[PDB]
Structure formats: C-alpha cells, structure tokens
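S.K.: show me the folded form of this:
(one chain, ligands or ions: 2)
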Amino acid sequence: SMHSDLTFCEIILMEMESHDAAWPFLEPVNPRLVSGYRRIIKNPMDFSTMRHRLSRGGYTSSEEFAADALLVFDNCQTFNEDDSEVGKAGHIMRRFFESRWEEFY
Ligand SMILES: CC(=O)c1c(C)[nH]c(-c2csc(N3CCNCC3)n2)c1C1CCCC1
Ligand SMILES: CC(=O)c1c(C)[nH]c(-c2csc(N3CCNCC3)n2)c1C1CCCC1
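M.R.: Numbering: from 1, shown residues only. Ligands and ions are numbered 1, 2, ... in the order given. See below for the structure:
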C-alpha cells in the first residue's frame, strides 16, 4: 500500500480529480467514444489508473507519480487540437498540476 510519505501526492490527485477541467481525464480514454486513440498513444494514462496505482503502493517515489500525471497531459496534447475542449482542458490541468507540485519542489 501507499507509504505515508506520498500522502501529498494522494491529495494532489484528489484535487486534480475535483477540478472543473478534470472531466476528460477521470477514466481511460474510451474506445466507445473515439477511435484510433491507442493507435497513436502508446502509453495511455488517466486519473483513476493513477489513483489505484498510488493507493496500492505502485509508486515508490513522487517522481514516478509526477511522470504519470505529465503523461496524461502529454498524451492529451499529442492527440487533441489545442482549441478542442479536451485540448484546452489538458492545458488547464497541466498548469494546475505544476502549480500544486511547485508548492513542494
Ligand atoms: C481522445 C482524448 O484524448 C480524450 C480524453 C483525454 N478524454 C476524452 C473524453 C471526452 S468525453 C469524456 N467522458 C465523459 C463521459 N464519460 C466518460 C468520460 N472523455 C477524450 C475523447 C473521447 C470522445 C471525444 C474526446
Ligand atoms: C457523455 C459523453 O460521452 C460525452 C462526449 C462523447 N462528449 C462530451 C463533451 C465534449 S465537450 C462537452 N461539453 C461542452 C458543453 N457543455 C459542457 C460539456 N461535452 C461528453 C460529456 C461529458 C460531460 C459533458 C458531456
């Protein structure tokens, strides 16, 4: 299970999931809603997957957690146009994450 030293990451993830721009990223990108995603995106990532990995002890370090968060946003800017709703959401959430992270780093 998660080590207590990573509780600040747990909270950051919780706060990201509650964000108004979080809706595209709560669950894995859904093939029922869009085609060709995993054709392009080699390592999908989403907040639910991160939440379970963190809670079960699958992140040894905060940097691995941060790498998966940045992966959510990097995938988003890879697949989506910047002026699409999901693309704009990704830019918002990246700013939110980096501002939360810099309180600690
Ligand atoms: C391709 C992509 O990068 C997406 C991300 C990170 N997210 C969502 C997305 C859009 S709508 C939504 N959801 C609300 C309903 N319940 C399931 C989740 N996710 C997408 C696409 C799926 C449809 C078109 C955009
Ligand atoms: C329900 C669903 O599977 C969706 C798909 C295929 N696409 C969008 C989608 C793309 S953009 C957008 N919104 C802009 C206008 N009003 C607020 C929400 N919803 C959704 C929902 C997720 C919550 C909102 C609808």
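S.K.: can you tell me, leaving aside adjacent residues, what's nearest to the residue of the chain found nearest ligand 2?
M.R.: Closest contact between the chain and ligand 2, by Cβ to the nearest ligand atom, is at residue 85 (4.0 Å). Every C-beta, even on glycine, is put in place using the N, C-alpha and C of the backbone. Spatial nearest neighbour of residue 85, excluding adjacent residues (Cβ to Cβ, 6 or more residues apart in numbering): residue 24 at 7.7 Å.
S.K.: please apply the same query to residue 48.
M.R.: Residue 48 sits nearest to residue 27 (Cβ to Cβ, 6+ apart), 5.1 Å away.
S.K.: count the residues that sit near the one you found.
M.R.: Neighbour count of residue 27, defined by other Cβ atoms under 10 Å: 11.
S.K.: OK, contacts around the closest residue to residue 55 other than its chain neighbours?
M.R.: Distances taken as Cβ to Cβ, 6+ apart put residue 2 closest to residue 55, at 5.5 Å, once the chain neighbours are dropped. Contact analysis of residue 2 by Cβ atoms under 8 Å, 6 or more residues apart in numbering lists 10, 54-57, 59.
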